[PDB]
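J.: In the first instance, please consider these chains from the complex; the rest will follow:
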Amino acid sequence: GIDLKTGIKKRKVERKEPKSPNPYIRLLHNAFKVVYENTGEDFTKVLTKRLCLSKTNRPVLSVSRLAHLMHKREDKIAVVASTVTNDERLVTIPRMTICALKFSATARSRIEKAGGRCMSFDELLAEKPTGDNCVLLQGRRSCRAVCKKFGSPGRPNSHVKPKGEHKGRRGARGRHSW
């Protein structure tokens, strides 16, 4: 008969092991979990969690943003959590070393021509377990269009968008319409 309810606020659900059936991805979290357990280095801790995220949560960090992100220090390796796909908007891309779970075929070519090395995550574990000279970056998770139409369009304090064509004057023209 313990009233423990007042002290707590209920358990919180969080991924522990990536649910992806891809064997290669489970193997890497297991490795970053062995490394994290032995040494509590935070880079290793975020790495473990970023692999664990959902395929929607992990976003595309295209090379052009990557270059802008690393323009001051291209020497630093950048461990992007998800798929890097090159954007041809930036005609010339600088030398960069990026460790990513996946690289697009076009992307590989652009950083290879740029003299940069797209090293795989397994290579990262071999060289830098600690994340020395490594910055862990991720794309805008809010990039998704589904994130934009999330909410309660209608109520004035939303500033989001109704889903559909609508074609309706009622409610559309100002807070005084409707």
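T.: Everything's here; your move. Residues are numbered from 1 along each chain as shown, chains lettered A, B, ... in the order given.

J.: How about the contacts made by residue A:177?
T.: Shown in contact with residue A:177 (CB atoms under 8 Å, 6 or more residues apart in numbering): A:169-171. To be clear about C-beta, it is placed using only N, CA and C from the backbone, and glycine gets the same treatment.

J.: Could you rank those by neighbour count and give me the top one?
T.: residue A:171 (13 neighbours; other CB atoms under 10 Å).

J.: Next up, the contacts around that residue.
T.: Here residue A:171 is in contact with A:154, A:177-178 (CB under 8 Å, 6+ apart).

J.: Surely residue A:64 is within a strand?
T.: No. Counting by DSSP: H, G, I helix; E, B strand; the rest coil, residue A:64 is not part of a strand but helix.

J.: That one: neighbour count?
T.: 16.

J.: swap in the one 3 residues further on?
T.: Residue A:67 is flanked by 22 other residues according to other CB under 10 Å.

J.: can you pull the contacts of it?
T.: For residue A:67, counting by CB under 8 Å, 6+ apart, the contacting residues are A:74, A:90, A:93-94, A:96.

J.: Residue A:1 versus the spatially most central residue of chain A, what's the distance?
T.: Geometric centre of chain A, nearest residue: residue A:58, 3.4 Å, by CA atoms, centre = their mean. For residue A:58, the distance to residue A:1 (CB to CB, to the nearest Å) stands at 45 Å.

J.: now for chain B, put it on the one above:
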Amino acid sequence: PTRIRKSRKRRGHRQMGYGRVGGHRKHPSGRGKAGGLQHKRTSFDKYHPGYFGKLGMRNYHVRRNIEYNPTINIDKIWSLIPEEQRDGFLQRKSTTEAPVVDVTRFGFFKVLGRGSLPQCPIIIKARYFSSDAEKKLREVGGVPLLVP
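T.: One more piece, chain B, placed on the ones above:
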């Protein structure tokens, strides 16, 4: 699949997860989106503003092809050129043999400006040019020529 579903687990649980006080009865409150301005006004308004009401001028039969206006941002104009020519056109610079991109044949009609063209002379050939676009293009050195 048939074996893995919420429904199979609920067998053996009476009304099957639809409640006892009010069960799953046929079409409980309406068939269709009924109650637009009466019983279901609060749901329609809280989420779908603008369900009811005429607004725009009516074109009885629109000509879809005429309405089509693909528009290419003045950043992606350059990446239309492939890399066996992309490196050369940029490194050479030079007005005499300057690259000429015909966006008409690449599949767009009007150019817009949303970035920075790399600084190389270029003759764009398209159906129309956007004010922002031409202002940046002329400054980079490029000229916007209208295509037939």
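
J.: Once more for the contacts of residue A:171, now including chain B?
T.: A:154, A:177-178, B:45, B:49-50 (CB atoms under 8 Å, 6 or more residues apart in numbering or on different chains).

J.: so what's the residue nearest the centre of chain B up against?
T.: Nearest to the geometric centre of chain B sits residue B:70, at 10.4 Å (CA atoms, centre = their mean). Contacts for residue B:70 (CB under 8 Å, 6+ apart) come out as B:107-110.

J.: And those, which two are furthest apart?
T.: The most widely separated members of the contacts of residue B:70, counting by CB to CB, are B:107 and B:110 (12.1 Å).

J.: And the nearest residue to residue B:79 once chain neighbours are set aside, how close does it get to residue B:104?
T.: Of all residues not flanking residue B:79 in the chain, residue A:88 sits nearest, at 3.4 Å (CB to CB, 6 or more residues apart in numbering or on different chains). Applying CB to CB, the value for residue A:88 to residue B:104 is 20 Å.

J.: Which positions in chain A make contact with chain B?
T.: A:88-89, A:91-92, A:113, A:152-155, A:162-164, A:166-172, A:178 (CB under 8 Å from any CB of the partner chain).

J.: cutoff 10 Å now
T.: A:64, A:87-92, A:109-110, A:113, A:151-155, A:158, A:161-173, A:177-178 (CB under 10 Å from any CB of the partner chain).

J.: extra chain here, label it chain C:
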Amino acid sequence: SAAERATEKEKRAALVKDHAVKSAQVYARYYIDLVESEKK
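T.: Next up, chain C placed on what we already have:
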């Protein structure tokens, strides 16, 4: 690396055990003081 037990563990346990003895006696002297300190 596994000398952690030799390093300040038997020694720290000894430090605490010995100083507990000295603390154990003075503390008792204060408790005895209350029976007469308030009484006088």
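
J.: back to the contacts of residue A:177, now that we've got chain C?
T.: For residue A:177, the contact set (CB atoms under 10 Å, 6 or more residues apart in numbering or on different chains) comprises A:169-171, B:49-50, B:53.

J.: wait, which of those is closest to residue B:98?
T.: Closest to residue B:98, out of all of those and judged by CB to CB, is residue B:50, at 49.8 Å.

J.: where exactly do the strands run in chain A?
T.: Residue ranges of the strands in chain A, as given by DSSP state E, are A:77-78, A:83-84, A:102-103, A:134-135.

J.: now chain B
T.: B:71-73, B:100-102, B:110-112, B:123-126, B:128-129, B:143-146.

J.: Using CSV, lay out those together with distance to chain A and mean neighbour count.
T.: CSV is the format used below for the strands of chain B (distance: least, CB to the nearest CB, whole Å; neighbours: other CB atoms under 10 Å in any protein chain shown):
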stretch, distance to chain A, mean neighbour count
strand B:71-73, 8, 17
strand B:100-102, 13, 15
strand B:110-112, 14, 19
strand B:123-126, 16, 20
strand B:128-129, 19, 18
strand B:143-146, 19, 14
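
J.: Switch these over to TSV; also include distance to residue A:43.
T.: Listed next are the strands of chain B as TSV, based on distance: least, CB to CB, whole Å:
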stretch	distance to residue A:43
strand B:71-73	37
strand B:100-102	45
strand B:110-112	42
strand B:123-126	47
strand B:128-129	49
strand B:143-146	49
